[PDB]
Amino acid sequence: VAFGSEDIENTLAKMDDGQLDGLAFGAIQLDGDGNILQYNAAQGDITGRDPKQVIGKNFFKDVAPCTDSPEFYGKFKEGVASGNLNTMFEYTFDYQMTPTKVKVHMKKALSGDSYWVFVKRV
Ligand SMILES: *C(=O)/C=C/c1ccc(O)cc1
């Protein structure tokens, strides 16, 4: 499955604990509040987080405070409220990591109650 595919969430809805680690891009699944439900191996390779340790933490408050901004978290919240989260943008991640330019794709999951954040280096 390629980053930014039109129906990426269809493919990832099918994936368990293992298949998500084989993606070529970082993949985080969040609930509506930003709590981390899933976090794959490719994302940990970019950020220096242990995927097994971040589960349950809040992405915007605790893990990724540089994303607590209108440009990221504001766009996330707008999408969980509208029910149609689907946006791609560039961003820099720099909290307890080497400042790293990325491309982000946020997309509602098929559950309707969980939201994907996809990341790749640029
Ligand atoms: C800014 O503080 C970004 C930090 C960050 C982004 C994504 C992650 O999975 C971990 C940390």
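Quick note on numbering: the deposited numbering labels position 33 of the sequence shown as 36, and the sequence is numbered without any gaps. C-beta: ideal position from N, C-alpha, C; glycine also.
Apart from the five residues on each side of it in sequence, which residues of its chain come closer than 8 Å, Cβ to Cβ, to residue i?
i: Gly37; result: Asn61, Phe62, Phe63, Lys64, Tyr76, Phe79
i: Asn43; result: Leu23, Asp24, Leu26, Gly29, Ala30, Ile31, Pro54
i: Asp116; result: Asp34, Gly35
Round the Cβ separation of residue i and residue j to the nearest angstrom and send it over; I've been treating them as touching at under 8 Å.
i: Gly35; j: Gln46; result: That belief does not hold up - the Cβ atoms of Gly35 and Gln46 are roughly 20 Å apart, past 8 Å.
i: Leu23; j: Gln41; result: 6 Å
i: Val122; j: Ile49; result: 6 Å
Can you tell me whether residue i is buried or exposed? The criterion is at least 16 other CB atoms within 10 Å of its CB, across all chains shown.
i: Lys110; result: buried
i: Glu12; result: buried
i: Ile39; result: buried
i: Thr101; result: exposed
i: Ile58; result: exposed
i: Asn87; result: exposed
i: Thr14; result: exposed
i: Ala112; result: buried
i: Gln32; result: buried
i: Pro73; result: exposed
Cutting at 6 Å between CB atoms, please list the residues of its own chain near residue i, excluding the five before and the five after it.
i: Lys104; result: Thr95, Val125
i: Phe92; result: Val107
i: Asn89; result: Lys110
To which residues of the same chain is residue i closer than 7 Å at the C-beta, ignoring the five residues directly before and after it?
i: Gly7; result: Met91, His108
i: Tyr98; result: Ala67, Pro68, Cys69
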